[PDB]
**Q** 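Before I ask anything, here is the structure I am working with.
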Amino acid sequence: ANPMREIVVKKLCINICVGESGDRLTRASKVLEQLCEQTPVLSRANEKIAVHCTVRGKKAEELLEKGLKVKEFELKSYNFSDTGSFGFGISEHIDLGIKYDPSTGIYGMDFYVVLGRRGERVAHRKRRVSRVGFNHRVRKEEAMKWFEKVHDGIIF
RNA sequence: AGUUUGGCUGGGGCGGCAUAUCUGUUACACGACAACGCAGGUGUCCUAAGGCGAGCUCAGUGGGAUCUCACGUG
Ligand SMILES: [Mg+2]
C-alpha cells in the first residue's frame, strides 16, 4: 500500500543471565563485547546478576542472520507476541562460529527483536507525545508474514 | 539527735497515668467542649534522610526469551 508502511527491525536485545557476580560475569561481559563490537551494561536485581546490550542498525541485521542460521531458520508459532515482536535463544556461543578459547568456556544467550513502522517516534519524543494509532500498530499476523517473506520457515 | 517518707482516684490500698505533650473519633456541618472514654504515638533518628538544577515514573496487570512491549488518576 503506502510507501511508508514497511516493517523494519527496530532493535535487537541480547541478554545473558548467568545468575552470579565475579569472574563469570567478567567473561560474559567480554564475550558480548566481541559479539556485537559495542560496550555492554550490567543489570542487577545490588547482586549483579546479568549482563545485556541492545543493538540497532545494520549490525543488528547481521547478528540476527547469524542467530537464525544456528536456529535452522525455523521458529515456533507461539514464539511470537501480539505486540509484534518475537524472540528465541541459543545455547552455545561456539556454535555461533566464534573461536573457542579454553578460558571463557561456553555460554548461552537470549535474542529479542522488535519490529515496527516509521511512525513510532511520536510516542517517544519529549514534546507533544501522543499515541501511535490502531492501524499503524504492527499485529502478530503481520509479524509472522514478515518472517515468512524474509528468512522463511515457521511451524505452528 | 533532727527531719522526710508525691499526686490523681466512682472511699483508701494494690494496679494504671487520664501528671508535660501529637493524630483520628467522641464533638451536635464557624470556633470552643468532659470522663481511670475509644484506636494509636512522643523524650528519638538524619552531612544527608538538609539546599538546588536536570532526567525519569510508581504499585500492579497482560503478551513474549533478569530482558522487551502495551496499559496503568496514584
Ligand atoms: Mg491521695
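Convention: sequence-line order gives letters A, B, ...; per-chain numbering from 1.
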**Q** Please indicate yes or no: do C30(B) and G31(B) satisfy both the under-5.5 Å centre distance and the under-30° plane angle for their six-membered base rings?
**A**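 Judged on centre distance and plane angle, the pair counts as stacked.
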**Q** Which glycosidic conformation, syn or anti, is assigned to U42(B) if syn requires a torsion within 90° of zero?
**A**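 With its glycosidic angle more than 90° from zero, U42(B) counts as anti.
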**Q** Would you mind reading off the distance between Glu141(A) atom CD and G64(B) atom P, rounded to a whole angstrom?
**A**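 Going from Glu141(A) (CD) to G64(B) (P), I get 15 Å.
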**Q** Run through the side-chain heavy atoms of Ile, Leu, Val, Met, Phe, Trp and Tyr, join any pair under 4.5 Å, and report what else lands in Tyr100(A)'s cluster.
**A**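 Its cluster partners, ordered by chain and number, are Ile94(A), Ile106(A).
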**Q** If the glycosidic angle sits within 90 degrees of zero it is syn, else anti. Tell me which applies to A48(B).
**A**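 Here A48(B) takes the syn form, which means its glycosidic angle is within 90° of 0.
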**Q** Tracing side-chain links under 4.5 Å among I, L, V, M, F, W and Y, which residues wind up in one group with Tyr112(A)?
**A**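 Besides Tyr112(A), the cluster holds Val114(A).
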**Q** OP1 or OP2 of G72(B) versus the side-chain N and O atoms of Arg131(A): is any pair under 4.0 Å?
**A**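 Checking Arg131(A) against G72(B): at least one side-chain N or O falls below 4.0 Å of OP1 or OP2.
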**Q** What is the separation between atom CD on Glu47(A) and atom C1' on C67(B), rounded to the nearest whole Å?
**A**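 Spelled out: CD on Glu47(A) to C1' on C67(B) is 18 Å.
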**Q** Only counting residues at least two apart or in another chain, list the ones meeting side-chain hydrogen bond (donor to acceptor under 3.5 Å, both in side chains) with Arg139(A).
**A**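 Only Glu141(A), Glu142(A) meet the side-chain hydrogen bond (donor to acceptor under 3.5 Å, both in side chains) criterion with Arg139(A).
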**Q** Using the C1'-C2'-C3'-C4' torsion, which pucker class fits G43(B): north or south?
**A**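 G43(B) falls in the south pucker range.
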**Q** Can you tell if the side chain of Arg137(A) reaches within under 4.5 Å of the side chain of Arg131(A), non-hydrogen atoms only?
**A**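 SC-SC contact between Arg137(A) and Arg131(A) confirmed.
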**Q** Could you list all N or O pairs between the protein and nucleotides 54-62 of chain B that sit under 3.5 Å apart?
**A**
residue : atom : partner   : partner atom : Å
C56(B)  : OP2  : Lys126(A) : NZ           : 3.2

**Q** For residues 109-117 of chain A, which residues have at least one heavy atom under 4.0 Å from RNA chain B?
**A**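 Residues of residues 109-117 of chain A under 4.0 Å from RNA chain B: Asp110(A), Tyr112(A), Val114(A).
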**Q** Within residues 21-41 of chain A, which residues have any heavy atom lying less than 4.0 Å from an atom of RNA chain B?
**A**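 Hits under 4.0 Å, by residue number: none.
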**Q** What integer distance in Å separates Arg44(A):CZ from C67(B):P?
**A**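 Value for this atom pair: 10 Å.
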**Q** Reading RNA chain B from 5' onward, which residue's closest nucleotide shows up sooner: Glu120(A) or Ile14(A)?
**A**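 Closest to the 5' end, via its nearest nucleotide, is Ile14(A).
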**Q** Based on whether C1'-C2'-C3'-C4' is positive or negative, which pucker family does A48(B) belong to?
**A**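 Here the torsion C1'-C2'-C3'-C4' comes out negative, placing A48(B) south.
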**Q** Can you measure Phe80(A) atom CZ to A65(B) atom P for me and round it to whole angstrom units?
**A**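 Interatomic distance, CZ of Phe80(A) to P of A65(B): 11 Å.
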**Q** If you link ILVMFWY side chains whenever their heavy atoms are less than 4.5 Å apart, which other residues fall into the same cluster as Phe134(A)? By chain and number, please.
**A**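 In the cluster with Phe134(A) there is nothing else; it is isolated.
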**Q** Can you find a side chain N or O atom of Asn15(A) that sits less than 4.0 Å from OP1 or OP2 on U68(B)?
**A**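 Negative; the distance criterion is not met.
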**Q** Could you work out, with side-chain hydrogen bond (donor to acceptor under 3.5 Å, both in side chains) as the rule, every residue matching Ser43(A), not counting sequence neighbours?
**A**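 For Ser43(A) the side-chain hydrogen bond (donor to acceptor under 3.5 Å, both in side chains) partners, ignoring immediate neighbours, are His52(A).
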**Q** On the 0 to 90° scale, with breaks at 30° and 60°, tag the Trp146(A)-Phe86(A) ring pair as parallel, tilted or perpendicular.
**A**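 Correct class here is tilted.
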**Q** Test: salt bridge (charged side-chain N to carboxylate O under 4.0 Å, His left out). Region: residues 7-32 of chain A. Which pairs qualify, not counting sequence neighbours?
**A**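 Residue pairs passing salt bridge (charged side-chain N to carboxylate O under 4.0 Å, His left out), neighbours aside: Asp23(A)-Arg27(A).
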**Q** Which whole-number value in Å describes the distance from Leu68(A) CG to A65(B) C1'?
**A**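 Computing the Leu68(A):CG to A65(B):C1' distance gives 14 Å.
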**Q** Pick north or south for the sugar of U57(B); the rule is positive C1'-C2'-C3'-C4' for north, negative for south.
**A**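 On the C2'-endo side: south.
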**Q** Which other residues end up in the same hydrophobic cluster as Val132(A), if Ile, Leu, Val, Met, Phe, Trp and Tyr are linked when side-chain heavy atoms come under 4.5 Å apart?
**A**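 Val132(A) shares its hydrophobic cluster with no other residue.
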**Q** Any stacking for adjacent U26(B) and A27(B) under the 5.5 Å centre, 30° plane criterion?
**A**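 Both cut-offs are satisfied, so the bases of these neighbours are stacked.
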**Q** Among all residues two or more places apart in sequence or in another chain, which pass the side-chain hydrogen bond (donor to acceptor under 3.5 Å, both in side chains) test with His151(A)?
**A**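 side-chain hydrogen bond (donor to acceptor under 3.5 Å, both in side chains) list for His151(A), sorted by chain: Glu65(A).
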**Q** OP1 or OP2 of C69(B) versus the side-chain N and O atoms of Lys11(A): is any pair under 4.0 Å?
**A**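 So the side-chain polar atoms of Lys11(A) do come within 4.0 Å of the phosphate oxygens OP1 or OP2 of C69(B), strictly under.
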**Q** Would you kindly give the CG-to-P distance between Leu42(A) and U66(B), to the nearest whole Å?
**A**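 Roughly 14 Å, once rounded to whole Å.
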**Q** Is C17(B) north-puckered or south-puckered, judged from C1'-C2'-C3'-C4'?
**A**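 South pucker for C17(B); the sign of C1'-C2'-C3'-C4' is negative.
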**Q** Rounded to the nearest angstrom, tell me the gap between atom CD1 in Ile16(A) and atom P in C67(B).
**A**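 That distance rounds to 14 Å.
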**Q** For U9(B), tell me north or south, taking a positive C1'-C2'-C3'-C4' torsion as north and a negative one as south.
**A**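 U9(B) falls in the south pucker range.
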**Q** Whole angstrom is fine here: how far is it from CD1 in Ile49(A) over to P in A65(B)?
**A**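 Computing the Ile49(A):CD1 to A65(B):P distance gives 18 Å.
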**Q** For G10(B), does the glycosidic angle fall within 90° of 0 (syn) or outside that (anti)?
**A**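 Syn.
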**Q** Taking only residues two or more places apart in sequence, or in another chain, which ones meet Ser130(A) in a side-chain hydrogen bond (donor to acceptor under 3.5 Å, both in side chains)?
**A**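 So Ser130(A) forms no side-chain hydrogen bond (donor to acceptor under 3.5 Å, both in side chains) with any residue.
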